[PDB]
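What follows is one chain in structure tokens, specifically the form deposited in one PDB entry.
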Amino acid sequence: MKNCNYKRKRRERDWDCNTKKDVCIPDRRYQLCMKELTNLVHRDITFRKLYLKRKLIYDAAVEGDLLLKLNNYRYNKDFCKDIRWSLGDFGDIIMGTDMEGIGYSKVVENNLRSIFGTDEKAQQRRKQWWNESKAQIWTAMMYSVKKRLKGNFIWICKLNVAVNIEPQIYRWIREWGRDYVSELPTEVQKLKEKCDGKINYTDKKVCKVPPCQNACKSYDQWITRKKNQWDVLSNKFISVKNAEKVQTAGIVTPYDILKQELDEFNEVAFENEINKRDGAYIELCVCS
């Protein structure tokens, strides 16, 4: 219920790699609105399928409305992507390929087994259903927008991109890379303000100046979480990419994802940063 009231500030809570040790969960996913999907649960299959779409469409409109509010009611790259990330998570939950499976999520899955059954090809039927309903789900998420631009809404966010099917880990890595480049500049700035330069003619500030040492410890903690998050996500990517058809348009390594989502991406520099051996870090936080 609370998930359908107020979305926490972006990056207020960091990715959680402690619940399921093999996966790293974004706060957005934890807050994914599934009120109706949870509180649900005759013979006719096609009927329940429709009763399902009804509740999903409403949850989608609420989710979309809240993401718009989280974005301070601005139509921009950031809004359109949160819509993608959340649309996809719905898709996986529907297709039984979600990696979270916590608390009320387990319930939602039970209700889905109660609708599509548990037989062999039941999974196939859940895939086709979604592949037939998604464009309407996306439209439902765009309700608050469509409510105001009345038809021009389709020129804000690209439909053909949102509805495109992608493994969950794929999308999460994009979202994570996006969060990483947002945080890095801030964290590095904090560091410079207190650690830039020497304390005498030969020794770096970090050698004696406590405020700097405090800053360096903070950074260490931050970059260490990033290092751990990437490790988990990228290894999950390989794992999942070794257990499916895994034929994607120009995606071989998890780095190729970042190369698509980020500007002038440089993996050598990226690995230097998360392993505390980049030029900035050595200069500021290493006494020798």
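A residue's number is simply how far along the shown sequence it sits, counting from 1. Here, rigid core means the biggest group of C-alpha atoms that superpose within 1.5 Å across both forms.
Peer 1: Answer yes if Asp256 is missing coordinates in at least a third of the other compared entries, and no if every one of them models it.
Peer 2: Negative; every one of those entries includes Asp256.
Peer 1: May I ask whether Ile154 is missing from the deposited models in at least a third of the other compared entries?
Peer 2: Comparison shows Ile154 dropped in at least a third of the other entries.
Peer 1: When you step from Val41 to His42 in this entry, do you jump over none, 1 to 3, 4 to 9, or 10 or more residues of the deposited sequence that have no coordinates?
Peer 2: Count of unmodelled residues in between: 4 to 9.
Peer 1: On mean C-alpha B-factor from the PDB entry, just flag whether 59-67 or 221-229 is the higher one.
Peer 2: Result: 59-67.
Peer 1: Could you settle it for me: does 15-23 or 269-277 have the higher average Cα B factor in the PDB entry?
Peer 2: According to the entry, 15-23 carries the higher average C-alpha B-factor.
Peer 1: Among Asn242, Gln31, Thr46, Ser234, where is the Cα B factor highest in this entry?
Peer 2: That would be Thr46, according to the entry.
Peer 1: Among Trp129, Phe90, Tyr75, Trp172, which residue carries the highest C-alpha B-factor recorded in the PDB entry?
Peer 2: Max CA B-factor in the entry, restricted to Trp129, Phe90, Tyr75, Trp172: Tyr75.
Peer 1: Lowest, middle or highest third of the chain for the C-alpha temperature factor of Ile238?
Peer 2: It falls in the bottom third of the chain.
Peer 1: What third of its chain's C-alpha B-factors does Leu262 belong to: lowest, middle or highest?
Peer 2: Middle third.
Peer 1: Hey, what third does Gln168 fall into on Cα B-factor, ranked over its chain?
Peer 2: It belongs to the lowest third of the chain when residues are ordered by C-alpha B-factor.
Peer 1: Hey, what third does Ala135 fall into on Cα B-factor, ranked over its chain?
Peer 2: Its C-alpha B-factor belongs to the middle third of this chain's values.
Peer 1: Classify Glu183 as lowest, middle or highest third according to the C-alpha B-factor given in the PDB entry, relative to its own chain.
Peer 2: It falls in the bottom third of the chain.
The next section is about a form of this same protein that is not shown, the form deposited in another entry.
Peer 1: To test your reading of the superposition: with the rigid core aligned, which of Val107, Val163, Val188, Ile154 moves its Cα by 2 angstroms or more between this form and the one not shown?
Peer 2: Single residue meeting the criterion: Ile154.
Peer 1: Could you check whether the CA atom of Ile199 moves 2 Å or more between this form and the one not shown, using the rigid core for the fit?
Peer 2: Comparing the forms between this form and the one not shown, which are aligned on their rigid core, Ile199 does shift its C-alpha by 2 Å or more.
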